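Participant: Below is a structure I'd like to ask you about.
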Amino acid sequence: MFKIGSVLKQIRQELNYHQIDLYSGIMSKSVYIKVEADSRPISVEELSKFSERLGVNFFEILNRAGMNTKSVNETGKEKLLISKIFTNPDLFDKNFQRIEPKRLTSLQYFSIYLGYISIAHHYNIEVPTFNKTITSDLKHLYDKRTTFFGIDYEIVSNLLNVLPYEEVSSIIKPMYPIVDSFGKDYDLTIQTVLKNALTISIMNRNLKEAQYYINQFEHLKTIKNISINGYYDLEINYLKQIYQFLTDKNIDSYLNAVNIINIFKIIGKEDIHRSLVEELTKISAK
Amino acid sequence: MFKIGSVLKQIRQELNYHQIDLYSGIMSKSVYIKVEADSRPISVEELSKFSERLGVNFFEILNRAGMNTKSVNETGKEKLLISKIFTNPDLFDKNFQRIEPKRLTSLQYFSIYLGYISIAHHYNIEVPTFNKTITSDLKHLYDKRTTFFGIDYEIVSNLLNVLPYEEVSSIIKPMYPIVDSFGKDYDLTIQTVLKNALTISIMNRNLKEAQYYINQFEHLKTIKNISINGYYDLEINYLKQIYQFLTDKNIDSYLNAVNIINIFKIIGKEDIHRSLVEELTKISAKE
Amino acid sequence: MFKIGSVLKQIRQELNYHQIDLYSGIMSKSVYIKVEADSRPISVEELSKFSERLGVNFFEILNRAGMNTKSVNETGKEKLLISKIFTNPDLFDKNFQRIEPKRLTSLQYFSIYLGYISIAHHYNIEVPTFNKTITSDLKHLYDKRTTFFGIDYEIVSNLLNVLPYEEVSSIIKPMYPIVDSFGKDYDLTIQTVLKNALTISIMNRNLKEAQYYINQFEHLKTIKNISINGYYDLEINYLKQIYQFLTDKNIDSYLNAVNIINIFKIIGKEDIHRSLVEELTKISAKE
Amino acid sequence: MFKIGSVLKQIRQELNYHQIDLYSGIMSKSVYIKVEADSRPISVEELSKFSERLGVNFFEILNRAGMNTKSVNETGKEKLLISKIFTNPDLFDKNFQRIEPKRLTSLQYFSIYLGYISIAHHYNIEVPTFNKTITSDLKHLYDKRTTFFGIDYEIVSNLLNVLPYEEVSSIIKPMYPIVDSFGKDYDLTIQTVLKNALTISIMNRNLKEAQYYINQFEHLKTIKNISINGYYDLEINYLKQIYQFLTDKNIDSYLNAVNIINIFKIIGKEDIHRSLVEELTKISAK
Amino acid sequence: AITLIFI
């Protein structure tokens with residue numbers, strides 16, 4: 001699949017190392033030659049070692065080999081495809097009939113499925129199938145779950161997007177608090193759920209929930225090797241501000257919240273800016 | 001080394017999948033059993049496939065297996081050790097004598113080396129060896145380089161920390177502009193260099209350089225799959241603000257810059273806050 | 001949870017009693033109606049009284065309500081599950097990873113844990129975790145104990161099954177002699193420990209211990225309301241016989257022991273029969 | 001009545017658990033304190049839960065509280081009293097006049113009644129009342145029955161003891177086969193009836209009946225969670241042996257039967273031993 | 001034997 005061997009040779013050569021420097025103590029010269037020739041599958045352990053030898057990041061090497069873009073597999077394509085269909089509705093139908101059937105194939109597929117459902121709901125397309133099953137689908141998917149992976153938090157984020165909060169909450173509660181970090185991607189999705197959930201809580205005035213998510217997020221900051229997302233930190237902090245304004249009625253809070261909203265405009269995050277503005281306008285009403 | 005097999009079995013079971021679901025079409029039942037038993041080294045390609053099967057992120061699985069903490073190898077330990085020695089100077093000596101000798105062993109080691117040098121410079125410890133060699137070291141390390149990896153940007157960030165800008169600039173210029181993203185870690189170090197380099201440019205008033213780094217950073221935002229660091233975006237944007245104040249003299253800029261500095265205090269990034277404050281205080285005078 | 005109310009109504013009706021006969025002097029007609037409607041939790045004391053009224057055994061009523069099968073709670077399921085995994089090894093792993101972590105949750109869980117450990121040992125599955133902890137586990141579980149319940153004797157029976165006698169003996173000694181009976185289930189487990197312990201003592205020729213367990217068992221027979229288990233009485237008596245043959249060398253003993261072994265085959269307890277036969281074969285040698 | 005609370009506290013403390021461990025999620029600290037103080041009646045459901053918490057058997061706890069001995073109620077005393085009167089005939093009269101009148105009060109009382117009748121029959125005491133009523137009593141008690149409880153099998157066992165088999169058989173037949181187990185006590189009485197009924201069948205040479213009871217007993221062994229009584233298994237198996245000797249005339253059977261009888265003597269069940277011996281002596285004649 | 005049971 002991926003040309004890891006050639007990336008190795010590439011880096012090996014840029015840094016002026018000899019084959020010997022890489023295989024010495026790990027494999028025969030002949031074999032390593034196969035590895036660089038990409039004619040021999042390399043083991044995660046071996047790659048790990050060559051990585052230390054080269055002095056270049058292991059993950060970086062994988063990325064350079066082709067683990068980046070989602071095109072690495074079907075599921076990846078399907079996902080890229082979504083955003084395409086988002087802007088080209090007409091596409092929907094065609095695909096949705098291939099996806100929908102397999103929505104319970106893997107957590108990855110279910111997420112994609114919810115992706116389509118998100119498009120329809122935006123353009124008001126008919127999705128009778130969805131309404132007649134999610135409750136069953138979620139039951140099947142999470143009834144006997146005990147440990148959650150990134151994809152689960154990803155699912156819940158999309159879930160919160162095409163269903164009433166009340167229908168999703170039950171599924172969230174057992175997914176927090178987080179106790180460990182399992183990589184940037186993992187850290188990212190766990191934060192997204194909080195950000196979306198808190199946003200919904202504020203919009204619907206459920207201050208007890210809002211309170212909860214704020215704490216959950218704050219707790220994340222206490223975790224070893226956790227990568228908090230700056231933009232999320234800003235947005236969630238603006239929500240915290242509004243929360244405090246809705247409770248303590250503190251004028252200062254309203255001011256801070258407004259400052260944050262401003263900052264987004266200042267650093268150029270226009271999309272986020274418009275969102276929070278329409279979000280604040282709304283909050284001073286419905 | 002890493003118990004990837006057991007992580008696979010763990011996830012496989014949490015999701016209620018049968019061995020057959022994982023090995024079917026990839027390997028014999030017997031062999032896969034060895035894999036989960038962690039008695040058979042698994043190939044990157046195989047792991048990639050089981051990953052798709054399980055529906056769980058490949059990188060996430062590796063992390064769960066133990067690729068996280070740097071303890072995965074020597075170089076990792078050495079790096080963790082640094083921060084330790086930072087707060088416990090007395091440690092220095094002992095280690096520095098083991099490290100220093102191998103500073104040119106790998107890009108990773110050189111970075112660690114520069115780590116020690118950073119500690120000494122902070123506590124004013126003697127490092128005659130350093131001053132008598134970096135110029136030679138850097139020449140050897142980058143004279144005939146053409147492509148750069150994360151570790152290189154990491155090195156340059158630390159380099160900018162223990163040497164005069166003039167001595168480092170020559171090495172930076174050819175490392176930009178960035179054209180591709182090679183992971184979160186890569187994106188991160190390339191931004192750090194800009195942040196530190198821009199900060200130094202502003203402090204020393206080299207507005208032409210400052211200008212340059214600002215553009216480099218802005219260009220990053222145009223790259224597919226690049227993960228810009230929010231906190232860096234804020235800090236760099238505050239520097240851009242100061243830059244504009246130093247040139248256009250625009251009052252509004254000074255105001256914005258101050259707003260950003262305030263925001264860090266608001267969201268709790270106290271360390272960063274104090275930094276920018278002392279950094280602004282200073283800027284209204286000299287560095 | 002359990003439909004005790006309906007069982008009450010069921011029995012009440014089979015015996016042709018009117019609601020009045022049950023609630024009279026215990027609760028309002030309305031309330032009792034809730035009770036039979038299973039819409040009001042009934043108190044142990046109340047149930048005890050209705051029991052006397054109906055003339056039907058209290059425990060029998062509870063059983064009829066659903067207190068029988070272990071499915072009444074988690075721990076129950078886990079236990080049933082064991083025997084399943086015993087015959088379907090492949091299952092093991094999956095579960096063992098959920099159980100093992102909580103083995104010290106309650107005496108009930110520890111027993112189940114030892115259940116798994118028993119399966120592995122039978123099919124030679126790896127259990128590094130076990131060998132690296134039982135000593136600690138037992139220390140934690142019994143170091144400061146003073147009174148024992150059935151589950152404790154159950155634990156010790158399984159303990160004797162997956163550990164060397166020497167490691168278990170220290171825990172047994174303070175659990176005897178028994179002075180009281182606390183139900184069929186309790187009587188049963190206290191006997192099982194003796195049976196297993198005596199068997200091990202004979203196999204390993206520790207006649208002093210063998211002697212001890214025989215007395216312990218004999219003492220049980222002197223206890224008020226104790227329910228000695230016939231099959232156990234036979235098996236333990238055969239062990240006593242062997243014991244006497246190993247000491248007094250008395251030919252008559254060997255003969256009796258053989259008669260008992262025969263009886264098991266006669267009444268159909270085939271499993272037990274095969275066990276004692278292979279056990280006697282062995283005894284005329286070593287193991 | 002029963003100090004269940006204190007047993008809870010006792011076990012709770014032996015195992016070093018804090019009140020919190022028991023009431024948490026079930027009741028207020030204050031309330032639970034009342035429970036352990038035995039000043040608040042505890043519900044079967046609550047007790048069941050505390051039981052799981054403590055890790056100690058529910059039934060065992062009840063027993064430790066005082067559900068053991070029959071002294072828990074009137075009926076219990078009356079029953080204990082019997083064995084007393086058995087050895088002290090003179091007692092009879094006094095009691096029998098209090099019992100006899102209420103023999104149809106509850107299944108429990110009828111059993112006790114039959115208890116007295118058993119004593120009289122042993123010491124040849126006058127019981128005109130009995131002979132003039134059992135037929136009516138049994139008719140009233142079982143004419144429209146459809147489901148049977150332990151106490152019913154207990155009654156039939158005693159019934160078979162003070163009446164001709166022919167008068168009891170009609171009542172037995174509809175009480176078998178057993179399909180479920182309802183506890184040790186239940187399992188026990190259902191086996192006792194078979195044991196007694198088979199014994200009577202053999203003594204009276206009714207081999208068709210004997211055959212029937214043997215099958216009924218064998219069927220019990222096929223029932224989930226049934227607790228077969230070893231001593232009963234031995235005795236019933238000796239009867240099966242005799243049965244086969246009476247039919248097939250097989251010498252081997254007679255031998256086995258004798259081996260079983262021997263075993264009882266060996267393991268010390270002297271009473272049973274003497275019984276079977278006199279029972280075998282008899283069988284080789286009447 | 002013909003047992004008498006009282007429970």
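Here, A, B, ... name the chains of the structure tokens in the order displayed, residue numbers run from 1 inside each chain, and ligands are numbered from 1 in the same displayed order.
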Might you pull out every residue within 10 Å of residue E:6, with only C-alpha atoms counted and same-chain residues fewer than 6 positions away left off, and present them as JSON, numbers by chain?
Facilitator: {"D": [76, 79, 80, 82, 83, 108, 111, 112, 115, 151, 154, 155, 157, 158, 189]}
Participant: Could you write out the selected residues, including N, CA and C atoms, as a tab-separated table (two decimals), in the first residue's frame?
Facilitator:
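Saved the output as result.tsv:
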```tsv
chain	number	residue	atom	x	y	z
D	76	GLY	N	-44.39	-23.10	63.95
D	76	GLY	CA	-43.06	-23.65	64.17
D	76	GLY	C	-42.96	-24.39	65.49
D	79	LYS	N	-44.77	-27.64	65.64
D	79	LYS	CA	-44.00	-28.71	64.97
D	79	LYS	C	-42.87	-29.24	65.83
D	80	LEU	N	-42.12	-28.35	66.47
D	80	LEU	CA	-41.02	-28.79	67.34
D	80	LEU	C	-41.61	-29.66	68.43
D	82	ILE	N	-44.06	-31.64	68.55
D	82	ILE	CA	-44.36	-33.01	68.14
D	82	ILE	C	-43.31	-34.00	68.65
D	83	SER	N	-42.11	-33.95	68.08
D	83	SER	CA	-41.02	-34.86	68.47
D	83	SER	C	-40.92	-35.02	69.98
D	108	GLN	N	-50.12	-25.98	56.99
D	108	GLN	CA	-49.15	-26.22	58.06
D	108	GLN	C	-49.78	-26.94	59.23
D	111	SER	N	-50.64	-30.66	58.58
D	111	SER	CA	-49.44	-31.49	58.65
D	111	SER	C	-49.14	-31.84	60.11
D	112	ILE	N	-49.17	-30.84	60.99
D	112	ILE	CA	-48.93	-31.05	62.41
D	112	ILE	C	-49.95	-32.07	62.91
D	115	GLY	N	-49.23	-35.24	62.31
D	115	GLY	CA	-48.10	-35.57	63.15
D	115	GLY	C	-48.59	-36.29	64.40
D	151	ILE	N	-45.31	-27.84	51.44
D	151	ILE	CA	-46.18	-28.31	52.52
D	151	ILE	C	-47.16	-29.39	52.08
D	154	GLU	N	-45.22	-32.49	51.97
D	154	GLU	CA	-44.93	-32.83	53.35
D	154	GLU	C	-46.17	-33.56	53.87
D	155	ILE	N	-47.34	-32.98	53.64
D	155	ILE	CA	-48.60	-33.57	54.06
D	155	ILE	C	-48.72	-34.98	53.50
D	157	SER	N	-46.48	-37.01	52.59
D	157	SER	CA	-45.53	-37.94	53.19
D	157	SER	C	-46.09	-38.48	54.51
D	158	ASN	N	-46.62	-37.58	55.32
D	158	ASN	CA	-47.18	-37.98	56.61
D	158	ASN	C	-48.46	-38.78	56.39
D	189	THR	N	-38.90	-32.28	50.30
D	189	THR	CA	-40.18	-32.93	50.52
D	189	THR	C	-40.70	-33.69	49.30
```
Participant: Tell me as a PyMOL selection string which residues belonging to chain B come within 8 Å of chain A, counting only C-alpha atoms.
Facilitator: chain B and resi 1-2+14-15+41-45+52-57+59-60+63-64+68+73+75+106-109+145-147+149-151+182-186+229-231+233-234+237+259-260+263+267
Participant: Mind pulling up the distance from atom CA of residue D:222 to atom CA of residue D:202?
Facilitator: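 Taking atom CA of residue D:202 and atom CA of residue D:222, their separation equals 24.0 Å.
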Participant: Write down as a ChimeraX atom specification the residues belonging to stretch 78-171 of chain A that are assigned helix (DSSP H, G or I) by DSSP computed on the backbone.
Facilitator: /A:78-87,89-102,107-123,128-131,134-142,150-162,165-171
Participant: May I have the selected residues written with C-alpha atoms, as a PDB file, in the first residue's frame?
Facilitator:
```
ATOM      1  CA  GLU A  78     -16.724   8.337   1.639  1.00  0.00           C
ATOM      2  CA  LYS A  79     -15.879  10.993   4.206  1.00  0.00           C
ATOM      3  CA  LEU A  80     -14.208  13.359   1.729  1.00  0.00           C
ATOM      4  CA  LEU A  81     -17.204  12.826  -0.546  1.00  0.00           C
ATOM      5  CA  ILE A  82     -19.566  14.275   2.078  1.00  0.00           C
ATOM      6  CA  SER A  83     -18.382  17.912   1.942  1.00  0.00           C
ATOM      7  CA  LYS A  84     -18.678  17.529  -1.825  1.00  0.00           C
ATOM      8  CA  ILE A  85     -22.336  16.505  -1.600  1.00  0.00           C
ATOM      9  CA  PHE A  86     -22.888  19.245   0.984  1.00  0.00           C
ATOM     10  CA  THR A  87     -22.322  21.885  -1.695  1.00  0.00           C
ATOM     11  CA  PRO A  89     -27.027  18.406  -2.992  1.00  0.00           C
ATOM     12  CA  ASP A  90     -28.127  16.755  -6.260  1.00  0.00           C
ATOM     13  CA  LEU A  91     -25.397  14.206  -5.516  1.00  0.00           C
ATOM     14  CA  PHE A  92     -27.045  12.992  -2.283  1.00  0.00           C
ATOM     15  CA  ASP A  93     -29.535  10.361  -3.499  1.00  0.00           C
ATOM     16  CA  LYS A  94     -27.026   8.360  -5.548  1.00  0.00           C
ATOM     17  CA  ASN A  95     -24.640   7.863  -2.617  1.00  0.00           C
ATOM     18  CA  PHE A  96     -27.084   7.887   0.307  1.00  0.00           C
ATOM     19  CA  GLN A  97     -28.523   4.641  -1.097  1.00  0.00           C
ATOM     20  CA  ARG A  98     -25.133   2.934  -0.910  1.00  0.00           C
ATOM     21  CA  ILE A  99     -24.211   4.378   2.492  1.00  0.00           C
ATOM     22  CA  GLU A 100     -27.517   4.173   4.405  1.00  0.00           C
ATOM     23  CA  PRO A 101     -27.628   0.356   4.000  1.00  0.00           C
ATOM     24  CA  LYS A 102     -24.231  -0.079   5.650  1.00  0.00           C
ATOM     25  CA  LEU A 107     -18.336   3.168  13.715  1.00  0.00           C
ATOM     26  CA  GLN A 108     -16.720   4.927  10.768  1.00  0.00           C
ATOM     27  CA  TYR A 109     -19.651   4.225   8.503  1.00  0.00           C
ATOM     28  CA  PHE A 110     -22.252   5.256  11.042  1.00  0.00           C
ATOM     29  CA  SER A 111     -20.463   8.603  11.315  1.00  0.00           C
ATOM     30  CA  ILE A 112     -20.567   9.052   7.545  1.00  0.00           C
ATOM     31  CA  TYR A 113     -24.252   8.096   7.572  1.00  0.00           C
ATOM     32  CA  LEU A 114     -24.933  10.839  10.123  1.00  0.00           C
ATOM     33  CA  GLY A 115     -23.009  13.031   7.708  1.00  0.00           C
ATOM     34  CA  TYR A 116     -25.583  12.502   4.982  1.00  0.00           C
ATOM     35  CA  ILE A 117     -28.422  12.973   7.435  1.00  0.00           C
ATOM     36  CA  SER A 118     -26.849  16.335   8.298  1.00  0.00           C
ATOM     37  CA  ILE A 119     -26.923  17.400   4.651  1.00  0.00           C
ATOM     38  CA  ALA A 120     -30.555  16.436   4.129  1.00  0.00           C
ATOM     39  CA  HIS A 121     -31.647  18.280   7.280  1.00  0.00           C
ATOM     40  CA  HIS A 122     -29.880  21.380   5.928  1.00  0.00           C
ATOM     41  CA  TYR A 123     -31.583  21.269   2.534  1.00  0.00           C
ATOM     42  CA  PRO A 128     -38.004   8.876   6.468  1.00  0.00           C
ATOM     43  CA  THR A 129     -35.566   6.020   7.005  1.00  0.00           C
ATOM     44  CA  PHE A 130     -33.564   8.015   9.573  1.00  0.00           C
ATOM     45  CA  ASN A 131     -36.488   8.988  11.821  1.00  0.00           C
ATOM     46  CA  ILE A 134     -31.765   6.159  14.876  1.00  0.00           C
ATOM     47  CA  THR A 135     -33.307   5.310  18.242  1.00  0.00           C
ATOM     48  CA  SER A 136     -32.853   1.634  17.385  1.00  0.00           C
ATOM     49  CA  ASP A 137     -29.445   2.269  15.797  1.00  0.00           C
ATOM     50  CA  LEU A 138     -28.074   4.086  18.853  1.00  0.00           C
ATOM     51  CA  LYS A 139     -29.471   1.428  21.159  1.00  0.00           C
ATOM     52  CA  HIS A 140     -27.692  -1.248  19.142  1.00  0.00           C
ATOM     53  CA  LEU A 141     -24.494   0.791  18.936  1.00  0.00           C
ATOM     54  CA  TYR A 142     -24.085   1.892  22.551  1.00  0.00           C
ATOM     55  CA  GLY A 150     -12.296   8.939  19.035  1.00  0.00           C
ATOM     56  CA  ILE A 151     -14.819   7.845  16.411  1.00  0.00           C
ATOM     57  CA  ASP A 152     -17.415   7.553  19.201  1.00  0.00           C
ATOM     58  CA  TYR A 153     -16.917  11.212  20.171  1.00  0.00           C
ATOM     59  CA  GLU A 154     -17.014  12.070  16.492  1.00  0.00           C
ATOM     60  CA  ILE A 155     -20.327  10.224  16.178  1.00  0.00           C
ATOM     61  CA  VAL A 156     -21.759  12.006  19.210  1.00  0.00           C
ATOM     62  CA  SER A 157     -20.745  15.376  17.770  1.00  0.00           C
ATOM     63  CA  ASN A 158     -22.654  14.652  14.561  1.00  0.00           C
ATOM     64  CA  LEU A 159     -25.443  13.063  16.564  1.00  0.00           C
ATOM     65  CA  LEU A 160     -25.907  16.335  18.510  1.00  0.00           C
ATOM     66  CA  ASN A 161     -26.270  17.898  15.093  1.00  0.00           C
ATOM     67  CA  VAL A 162     -29.221  15.968  13.708  1.00  0.00           C
ATOM     68  CA  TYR A 165     -30.376  17.064  22.738  1.00  0.00           C
ATOM     69  CA  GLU A 166     -32.645  14.949  24.975  1.00  0.00           C
ATOM     70  CA  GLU A 167     -32.192  12.018  22.608  1.00  0.00           C
ATOM     71  CA  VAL A 168     -28.391  12.301  22.702  1.00  0.00           C
ATOM     72  CA  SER A 169     -27.611  13.223  26.340  1.00  0.00           C
ATOM     73  CA  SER A 170     -28.064   9.653  27.645  1.00  0.00           C
ATOM     74  CA  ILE A 171     -25.251   8.584  25.317  1.00  0.00           C
TER      75      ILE A 171
END
```
Participant: Got a sec: who's within 10 Å of residue E:2, counting only C-alpha atoms, leaving out chain neighbours fewer than 5 positions off, as an NGL selection string?
Facilitator: :D and (157-158 or 160-161 or 192-200 or 275)
Participant: Neighbouring residues of stretch 89-99 of chain B were defined as those with any atom within 8 Å, considering only C-alpha atoms; residues of the same chain fewer than 4 positions away were excluded. Please report them as a PyMOL selection string.
Facilitator: chain B and resi 85+103+109+112-113+116+119+123
Participant: Would you give me, as number ranges by chain, the residues of chain E that come within 6 Å of chain D, using only C-alpha atoms?
Facilitator: E: 1-2, 4-5
Participant: Contacts of residue B:50 at 8 Å or less, counting only C-alpha atoms, minus same-chain residues fewer than 5 places along, as a list in words?
Facilitator: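 My reading of the contact set: residues 8, 22 and 23 of chain B.
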Participant: Compile the contact shell of residue B:180 as a CSV table (one decimal) with N, CA and C atoms, in the first residue's frame: residues with an atom at most 8 Å away, counting only C-alpha atoms, same-chain residues fewer than 6 positions apart removed.
Facilitator:
```csv
chain,number,residue,atom,x,y,z
B,223,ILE,N,-2.5,26.2,3.5
B,223,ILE,CA,-2.1,24.9,3.2
B,223,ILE,C,-3.1,23.8,3.7
B,224,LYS,N,-3.4,22.9,2.7
B,224,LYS,CA,-4.3,21.8,2.9
B,224,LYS,C,-4.0,20.9,4.1
B,226,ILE,N,-3.4,21.6,7.1
B,226,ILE,CA,-2.5,22.2,8.1
B,226,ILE,C,-3.3,22.5,9.4
```
Participant: Could you state the separation of atom CA of residue A:204 and atom CA of residue A:283 in Å, given to one decimal place?
Facilitator: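 About the pair atom CA of residue A:204 and atom CA of residue A:283: they are 9.2 Å apart.
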Participant: I'd like the neighbourhood of residue A:179 as a ChimeraX atom specification, where a residue qualifies if any of its atoms comes within 9 Å (using only C-alpha atoms), though same-chain residues fewer than 4 positions away should be ignored.
Facilitator: /A:219-220,223-224
Participant: Interatomic distance between atom CA of residue B:110 and atom CA of residue B:72?
Facilitator: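 About the pair atom CA of residue B:110 and atom CA of residue B:72: they are 18.5 Å apart.
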Participant: Within 10 Å of chain C, which residues of chain B show up when using only C-alpha atoms, listed as a PyMOL selection string?
Facilitator: chain B and resi 9-10+12-14+16
Participant: Could you please take those selected residues and save N, CA, C and O atoms as a short mmCIF file (atom, residue, chain, number, x, y, z; two decimals), in the first residue's frame?
Facilitator:
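Below you can see part_0.cif, which holds the result:
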```
data_model
loop_
_atom_site.label_atom_id
_atom_site.label_comp_id
_atom_site.auth_asym_id
_atom_site.auth_seq_id
_atom_site.Cartn_x
_atom_site.Cartn_y
_atom_site.Cartn_z
N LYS B 9 -7.20 -6.81 20.40
CA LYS B 9 -8.15 -7.70 21.03
C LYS B 9 -9.12 -6.90 21.92
O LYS B 9 -10.34 -7.14 21.94
N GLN B 10 -8.56 -5.93 22.64
CA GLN B 10 -9.34 -5.09 23.54
C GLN B 10 -10.44 -4.34 22.80
O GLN B 10 -11.61 -4.39 23.18
N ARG B 12 -11.38 -4.96 19.69
CA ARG B 12 -12.16 -5.97 18.99
C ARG B 12 -13.30 -6.47 19.87
O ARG B 12 -14.43 -6.65 19.40
N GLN B 13 -13.00 -6.67 21.14
CA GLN B 13 -13.99 -7.15 22.09
C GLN B 13 -14.96 -6.08 22.57
O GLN B 13 -16.14 -6.35 22.76
N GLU B 14 -14.47 -4.87 22.77
CA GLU B 14 -15.36 -3.80 23.20
C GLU B 14 -16.45 -3.63 22.15
O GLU B 14 -17.62 -3.43 22.48
N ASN B 16 -17.52 -5.89 20.15
CA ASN B 16 -18.15 -7.19 19.92
C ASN B 16 -17.89 -7.81 18.55
O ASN B 16 -18.82 -8.30 17.91
#
```
